[PDB]
Amino acid sequence: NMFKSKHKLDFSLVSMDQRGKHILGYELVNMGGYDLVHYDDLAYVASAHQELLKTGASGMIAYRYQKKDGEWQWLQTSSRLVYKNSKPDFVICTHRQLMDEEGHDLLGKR
Amino acid sequence: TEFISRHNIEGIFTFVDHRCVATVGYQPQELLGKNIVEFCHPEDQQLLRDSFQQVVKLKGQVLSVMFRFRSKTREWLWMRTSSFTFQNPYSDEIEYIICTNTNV
């Protein structure tokens with residue numbers, strides 16, 4: 001139920017595990033990092049993005065990502081800044097696919 | 001009673017949540033790809049257009065505009081739309097404009 005993705009500092013996707021591609025139903029590159037974020041989770045994801053940029057790490061306990069068929073996928077994600085020659089280079093995310101029950105339970109705790 | 005829509009900086013619908021079906025009578029796919037002003041009463045369009053341009057200019061500030069929205073039943077529905085641009089936390093580029101569209 002776990003997979004990884006790699007992103008520019010602005011969170012646009014540059015690569016993702018094939019397992020993550022099949023969960024979301026998709027290409028997935030050539031897309032902005034916020035185009036699939038559920039509108040009720042935009043603030044939550046943007047706040048984690050700032051945590052990642054200022055701190056080098058962030059955690060999102062639950063948020064929704066729109067799948068190809070239009071349905072929402074609940075996700076739980078850790079993010080980390082990867083550096084290169086002492087400068088921020090890219091972002092690596094580790095995701096866990098959440099069922100809707102656990103996602104809605106975590107939504108109220110986030 | 002409201003629904004959320006996302007727009008590019010020109011006003012084109014790029015996402016609409018399904019609450020639009022009950023609020024204004026269209027399916028989301030009927031709105032996607034059209035400009036918001038195409039659903040606006042002719043007398044209200046200039047105010048809508050300038051409000052949308054100002055949302056983009058005042059990156060991040062939340063603005064409000066009232067205008068008549070043309071429902072699928074071909075009635076003019078008075079709408080209050082709260083809008084803001086979402087800025088990318090790294091690049092500060094405008095990703096899109098978020099509108100909360102409420103029948104009044």
# chains A, B, ... in the order shown; residues from 1 in each chain; ligands from 1
call {"tool": "closest_atom_pairs", "arguments": {"of": "chain A", "to": "chain B", "cutoff": "12 Å", "atoms": "only C-alpha atoms", "output": "tab-separated table"}}
result
residue	atom	partner	partner_atom	distance
A:8	CA	B:90	CA	9.6
A:9	CA	B:90	CA	6.5
A:10	CA	B:90	CA	5.1
A:11	CA	B:90	CA	8.3
A:12	CA	B:88	CA	10.1
A:31	CA	B:95	CA	10.8
A:32	CA	B:95	CA	7.7
A:33	CA	B:88	CA	8.9
A:34	CA	B:95	CA	7.2
A:35	CA	B:95	CA	7.9
A:36	CA	B:15	CA	9.8
A:37	CA	B:15	CA	10.9
A:38	CA	B:17	CA	9.6
A:39	CA	B:4	CA	7.6
A:40	CA	B:4	CA	9.4
A:42	CA	B:86	CA	8.9
A:43	CA	B:86	CA	9.4
A:45	CA	B:89	CA	10.1
A:46	CA	B:89	CA	6.6
A:47	CA	B:89	CA	8.4
A:48	CA	B:89	CA	9.6
A:49	CA	B:89	CA	6.6
A:50	CA	B:89	CA	6.1
A:51	CA	B:89	CA	9.9
A:52	CA	B:90	CA	10.0
A:53	CA	B:90	CA	7.4
A:54	CA	B:90	CA	10.0
A:66	CA	B:15	CA	11.0
A:70	CA	B:17	CA	10.4
A:71	CA	B:17	CA	11.4
A:72	CA	B:17	CA	11.7
A:88	CA	B:90	CA	11.6
A:90	CA	B:90	CA	11.8
A:91	CA	B:90	CA	11.9
call {"tool": "write_last_selection", "arguments": {"atoms": "N, CA, C and O atoms", "output": "short mmCIF file (atom, residue, chain, number, x, y, z; two decimals), in the first residue's frame"}}
result
data_model
loop_
_atom_site.label_atom_id
_atom_site.label_comp_id
_atom_site.auth_asym_id
_atom_site.auth_seq_id
_atom_site.Cartn_x
_atom_site.Cartn_y
_atom_site.Cartn_z
N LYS A 8 9.81 18.43 -8.13
CA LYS A 8 10.50 19.70 -8.04
C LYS A 8 10.16 20.39 -6.72
O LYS A 8 9.18 20.04 -6.04
N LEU A 9 10.97 21.38 -6.36
CA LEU A 9 10.72 22.14 -5.12
C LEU A 9 9.33 22.78 -5.11
O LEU A 9 8.76 23.00 -4.04
N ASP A 10 8.78 23.08 -6.29
CA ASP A 10 7.43 23.63 -6.36
C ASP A 10 6.34 22.55 -6.31
O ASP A 10 5.15 22.86 -6.48
N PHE A 11 6.73 21.29 -6.08
CA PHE A 11 5.90 20.09 -5.92
C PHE A 11 5.38 19.51 -7.23
O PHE A 11 4.64 18.51 -7.18
N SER A 12 5.73 20.07 -8.38
CA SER A 12 5.32 19.41 -9.61
C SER A 12 6.04 18.06 -9.72
O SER A 12 7.18 17.90 -9.28
N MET A 31 2.30 17.93 -15.13
CA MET A 31 1.17 18.39 -14.33
C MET A 31 1.67 19.13 -13.09
O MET A 31 2.68 18.74 -12.49
N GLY A 32 0.95 20.18 -12.71
CA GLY A 32 1.31 20.93 -11.52
C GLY A 32 1.09 20.12 -10.26
O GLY A 32 0.27 19.20 -10.21
N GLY A 33 1.83 20.49 -9.21
CA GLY A 33 1.77 19.72 -7.97
C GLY A 33 0.48 19.87 -7.21
O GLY A 33 0.23 19.09 -6.28
N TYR A 34 -0.35 20.84 -7.58
CA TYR A 34 -1.58 21.14 -6.87
C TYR A 34 -2.82 20.85 -7.69
O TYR A 34 -3.93 21.10 -7.23
N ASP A 35 -2.67 20.34 -8.91
CA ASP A 35 -3.82 20.19 -9.79
C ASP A 35 -4.73 19.04 -9.38
O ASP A 35 -5.90 19.04 -9.77
N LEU A 36 -4.23 18.08 -8.60
CA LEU A 36 -5.04 16.95 -8.16
C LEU A 36 -5.42 17.01 -6.69
O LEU A 36 -6.04 16.07 -6.18
N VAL A 37 -5.08 18.09 -5.99
CA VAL A 37 -5.37 18.20 -4.57
C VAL A 37 -6.82 18.62 -4.37
O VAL A 37 -7.28 19.59 -4.98
N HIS A 38 -7.54 17.89 -3.51
CA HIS A 38 -8.91 18.22 -3.16
C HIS A 38 -8.99 19.63 -2.57
O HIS A 38 -8.16 20.02 -1.75
N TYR A 39 -10.04 20.37 -2.97
CA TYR A 39 -10.16 21.79 -2.61
C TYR A 39 -10.27 22.00 -1.10
O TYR A 39 -9.84 23.04 -0.59
N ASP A 40 -10.83 21.04 -0.36
CA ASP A 40 -10.88 21.14 1.09
C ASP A 40 -9.55 20.78 1.75
O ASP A 40 -9.41 21.00 2.96
N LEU A 42 -6.48 21.78 0.18
CA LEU A 42 -5.47 22.67 -0.39
C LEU A 42 -4.66 23.37 0.70
O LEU A 42 -3.43 23.38 0.66
N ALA A 43 -5.34 24.00 1.66
CA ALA A 43 -4.63 24.69 2.74
C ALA A 43 -3.75 23.73 3.53
O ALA A 43 -2.62 24.08 3.90
N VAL A 45 -2.32 20.88 2.51
CA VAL A 45 -1.16 20.47 1.72
C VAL A 45 -0.20 21.64 1.54
O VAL A 45 1.03 21.48 1.62
N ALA A 46 -0.73 22.85 1.32
CA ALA A 46 0.15 24.01 1.16
C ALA A 46 0.91 24.31 2.45
O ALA A 46 2.06 24.75 2.40
N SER A 47 0.29 24.07 3.60
CA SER A 47 0.99 24.32 4.85
C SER A 47 2.11 23.31 5.04
O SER A 47 3.19 23.66 5.54
N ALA A 48 1.89 22.06 4.63
CA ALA A 48 2.94 21.06 4.69
C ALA A 48 4.07 21.38 3.71
O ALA A 48 5.25 21.13 4.02
N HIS A 49 3.73 21.92 2.54
CA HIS A 49 4.74 22.32 1.56
C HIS A 49 5.69 23.35 2.15
O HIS A 49 6.92 23.25 2.02
N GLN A 50 5.13 24.34 2.85
CA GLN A 50 5.93 25.34 3.53
C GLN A 50 6.78 24.72 4.63
O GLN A 50 7.94 25.11 4.84
N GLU A 51 6.20 23.78 5.39
CA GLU A 51 6.99 23.06 6.38
C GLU A 51 8.16 22.35 5.73
O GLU A 51 9.28 22.35 6.26
N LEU A 52 7.94 21.76 4.56
CA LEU A 52 9.01 21.06 3.88
C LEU A 52 10.10 22.02 3.41
O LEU A 52 11.29 21.73 3.52
N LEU A 53 9.70 23.18 2.86
CA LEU A 53 10.65 24.14 2.33
C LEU A 53 11.49 24.78 3.44
O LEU A 53 12.70 24.97 3.27
N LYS A 54 10.87 25.13 4.57
CA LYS A 54 11.56 25.86 5.63
C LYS A 54 12.37 24.95 6.53
O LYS A 54 13.37 25.38 7.12
N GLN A 66 -7.09 13.47 -6.51
CA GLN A 66 -8.08 13.02 -7.48
C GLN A 66 -7.50 11.97 -8.42
O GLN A 66 -6.42 12.15 -8.99
N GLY A 70 -11.96 10.36 -11.65
CA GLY A 70 -12.65 11.41 -10.94
C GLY A 70 -12.80 11.19 -9.45
O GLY A 70 -13.05 12.16 -8.73
N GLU A 71 -12.65 9.96 -8.97
CA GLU A 71 -12.79 9.68 -7.55
C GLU A 71 -11.58 10.21 -6.77
O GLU A 71 -10.50 10.44 -7.32
N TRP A 72 -11.78 10.39 -5.47
CA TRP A 72 -10.74 10.87 -4.58
C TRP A 72 -10.03 9.70 -3.90
O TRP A 72 -10.68 8.76 -3.44
N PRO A 88 19.11 23.05 -1.87
CA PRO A 88 17.94 22.19 -2.07
C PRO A 88 17.80 21.81 -3.53
O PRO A 88 17.94 22.64 -4.43
N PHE A 90 15.60 18.53 -4.81
CA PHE A 90 14.28 18.02 -5.12
C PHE A 90 13.62 17.50 -3.85
O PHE A 90 14.17 17.60 -2.74
N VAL A 91 12.43 16.95 -4.01
CA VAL A 91 11.62 16.44 -2.91
C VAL A 91 11.33 14.97 -3.18
O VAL A 91 10.97 14.61 -4.31
#
call {"tool": "select_by_dssp", "arguments": {"residues": "chain B", "states": "helix (DSSP H, G or I)", "output": "VMD selection string"}}
result
chain B and resid 20 to 24 28 to 31 36 to 39 42 to 57
call {"tool": "write_last_selection", "arguments": {"atoms": "N, CA, C and O atoms", "output": "CSV table (one decimal), in the first residue's frame"}}
result
chain,number,residue,atom,x,y,z
B,20,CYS,N,-22.5,21.7,-7.8
B,20,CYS,CA,-23.0,22.6,-8.9
B,20,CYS,C,-24.3,22.0,-9.5
B,20,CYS,O,-25.1,22.8,-10.0
B,21,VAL,N,-24.5,20.7,-9.4
B,21,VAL,CA,-25.7,20.1,-10.0
B,21,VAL,C,-26.9,20.6,-9.3
B,21,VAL,O,-27.9,21.0,-9.9
B,22,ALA,N,-26.9,20.7,-8.0
B,22,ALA,CA,-28.1,21.1,-7.2
B,22,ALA,C,-28.2,22.6,-7.1
B,22,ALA,O,-29.3,23.2,-7.0
B,23,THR,N,-27.0,23.3,-7.2
B,23,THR,CA,-27.1,24.8,-7.0
B,23,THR,C,-27.5,25.5,-8.3
B,23,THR,O,-28.2,26.5,-8.2
B,24,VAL,N,-26.9,25.1,-9.5
B,24,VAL,CA,-27.2,25.8,-10.7
B,24,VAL,C,-27.7,24.9,-11.8
B,24,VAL,O,-28.0,25.4,-12.9
B,28,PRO,N,-20.7,19.1,-13.7
B,28,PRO,CA,-19.4,19.7,-13.8
B,28,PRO,C,-18.9,19.8,-15.2
B,28,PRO,O,-18.4,20.8,-15.7
B,29,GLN,N,-19.0,18.7,-16.0
B,29,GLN,CA,-18.4,18.6,-17.3
B,29,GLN,C,-19.0,19.7,-18.3
B,29,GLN,O,-18.4,20.1,-19.2
B,30,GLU,N,-20.3,20.1,-18.0
B,30,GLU,CA,-20.9,21.1,-18.8
B,30,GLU,C,-20.2,22.5,-18.6
B,30,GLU,O,-20.3,23.4,-19.4
B,31,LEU,N,-19.6,22.7,-17.4
B,31,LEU,CA,-18.9,24.0,-17.1
B,31,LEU,C,-17.5,24.0,-17.5
B,31,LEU,O,-17.0,25.0,-18.0
B,36,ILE,N,-16.3,31.7,-16.9
B,36,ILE,CA,-17.3,32.0,-16.0
B,36,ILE,C,-18.2,33.1,-16.5
B,36,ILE,O,-19.4,33.1,-16.2
B,37,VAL,N,-17.7,34.1,-17.3
B,37,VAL,CA,-18.5,35.2,-17.7
B,37,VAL,C,-19.6,34.7,-18.7
B,37,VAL,O,-20.6,35.3,-18.8
B,38,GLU,N,-19.3,33.6,-19.4
B,38,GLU,CA,-20.3,33.0,-20.3
B,38,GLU,C,-21.6,32.7,-19.5
B,38,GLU,O,-22.6,32.5,-20.2
B,39,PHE,N,-21.6,32.5,-18.2
B,39,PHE,CA,-22.8,32.2,-17.4
B,39,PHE,C,-23.3,33.4,-16.7
B,39,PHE,O,-24.2,33.3,-15.9
B,42,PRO,N,-25.7,39.8,-18.8
B,42,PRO,CA,-24.9,40.8,-19.5
B,42,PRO,C,-24.7,42.1,-18.7
B,42,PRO,O,-23.6,42.7,-18.9
B,43,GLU,N,-25.6,42.5,-17.9
B,43,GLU,CA,-25.4,43.7,-17.1
B,43,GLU,C,-24.4,43.5,-16.0
B,43,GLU,O,-23.8,44.5,-15.5
B,44,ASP,N,-24.1,42.3,-15.6
B,44,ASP,CA,-23.2,42.0,-14.5
B,44,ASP,C,-21.8,41.7,-15.0
B,44,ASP,O,-20.9,41.6,-14.1
B,45,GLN,N,-21.6,41.5,-16.3
B,45,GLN,CA,-20.3,40.9,-16.8
B,45,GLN,C,-19.1,41.8,-16.5
B,45,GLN,O,-18.1,41.3,-16.2
B,46,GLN,N,-19.3,43.1,-16.7
B,46,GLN,CA,-18.2,44.0,-16.5
B,46,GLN,C,-17.7,44.0,-15.1
B,46,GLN,O,-16.5,43.9,-14.8
B,47,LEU,N,-18.6,44.0,-14.1
B,47,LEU,CA,-18.2,43.8,-12.7
B,47,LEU,C,-17.5,42.5,-12.4
B,47,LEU,O,-16.5,42.4,-11.7
B,48,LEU,N,-18.1,41.4,-13.0
B,48,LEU,CA,-17.4,40.1,-12.9
B,48,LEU,C,-16.0,40.1,-13.4
B,48,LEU,O,-15.1,39.6,-12.8
B,49,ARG,N,-15.9,40.6,-14.7
B,49,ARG,CA,-14.6,40.6,-15.4
B,49,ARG,C,-13.5,41.4,-14.6
B,49,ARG,O,-12.4,41.0,-14.4
B,50,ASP,N,-13.9,42.6,-14.1
B,50,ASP,CA,-13.0,43.4,-13.4
B,50,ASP,C,-12.7,42.8,-12.0
B,50,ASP,O,-11.5,42.9,-11.5
B,51,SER,N,-13.6,42.1,-11.4
B,51,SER,CA,-13.4,41.5,-10.1
B,51,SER,C,-12.4,40.3,-10.3
B,51,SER,O,-11.5,40.2,-9.5
B,52,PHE,N,-12.6,39.5,-11.4
B,52,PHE,CA,-11.7,38.5,-11.7
B,52,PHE,C,-10.3,39.0,-12.0
B,52,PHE,O,-9.3,38.4,-11.5
B,53,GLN,N,-10.1,40.1,-12.7
B,53,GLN,CA,-8.8,40.6,-13.0
B,53,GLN,C,-8.2,41.1,-11.7
B,53,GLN,O,-6.9,41.0,-11.5
B,54,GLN,N,-9.0,41.6,-10.8
B,54,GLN,CA,-8.4,42.1,-9.5
B,54,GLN,C,-8.0,41.0,-8.6
B,54,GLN,O,-7.0,41.2,-7.9
B,55,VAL,N,-8.7,39.9,-8.6
B,55,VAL,CA,-8.3,38.7,-7.9
B,55,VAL,C,-6.8,38.3,-8.3
B,55,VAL,O,-6.0,38.1,-7.4
B,56,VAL,N,-6.6,38.3,-9.6
B,56,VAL,CA,-5.3,37.9,-10.1
B,56,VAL,C,-4.2,38.9,-9.7
B,56,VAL,O,-3.1,38.6,-9.3
B,57,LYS,N,-4.6,40.2,-9.7
B,57,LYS,CA,-3.7,41.3,-9.4
B,57,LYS,C,-3.3,41.3,-7.9
B,57,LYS,O,-2.2,41.6,-7.6
call {"tool": "atom_distance", "arguments": {"atom1": "atom CA of residue 97 of chain B", "atom2": "atom CA of residue 63 of chain B"}}
result
11.1 Å
call {"tool": "select_by_dssp", "arguments": {"residues": "chain B", "states": "strand (DSSP E)", "output": "PyMOL selection string"}}
result
chain B and resi 2-7+13-16+63-70+76-87+94-103
call {"tool": "closest_residue", "arguments": {"among": "B:94, B:103, B:62, B:12", "to": "residue 80 of chain B", "atoms": "only C-alpha atoms"}}
result
B:103
call {"tool": "residues_around", "arguments": {"residues": "residue 5 of chain A", "least_positions_apart": "5", "cutoff": "8 Å", "atoms": "only C-alpha atoms", "output": "MDAnalysis selection string"}}
result
chainID A and resid 13:17 20 92:94
call {"tool": "closest_residue", "arguments": {"among": "A:84, A:68, A:4, A:110", "to": "residue 28 of chain A", "atoms": "only C-alpha atoms"}}
result
A:68
call {"tool": "residues_around", "arguments": {"residues": "residue 19 of chain A", "least_positions_apart": "4", "cutoff": "12 Å", "atoms": "only C-alpha atoms", "output": "ChimeraX atom specification"}}
result
/A:1-5,15,23-26,95-97
call {"tool": "atom_distance", "arguments": {"atom1": "atom CA of residue 41 of chain A", "atom2": "atom CA of residue 106 of chain A"}}
result
12.3 Å
call {"tool": "atom_distance", "arguments": {"atom1": "atom CA of residue 77 of chain B", "atom2": "atom CA of residue 18 of chain B"}}
result
17.6 Å
call {"tool": "closest_residue", "arguments": {"among": "A:63, A:102, A:87, A:27", "to": "residue 75 of chain A", "atoms": "only C-alpha atoms"}}
result
A:63
call {"tool": "closest_residue", "arguments": {"among": "A:21, A:30, A:44, A:7", "to": "residue 107 of chain A", "atoms": "only C-alpha atoms"}}
result
A:44
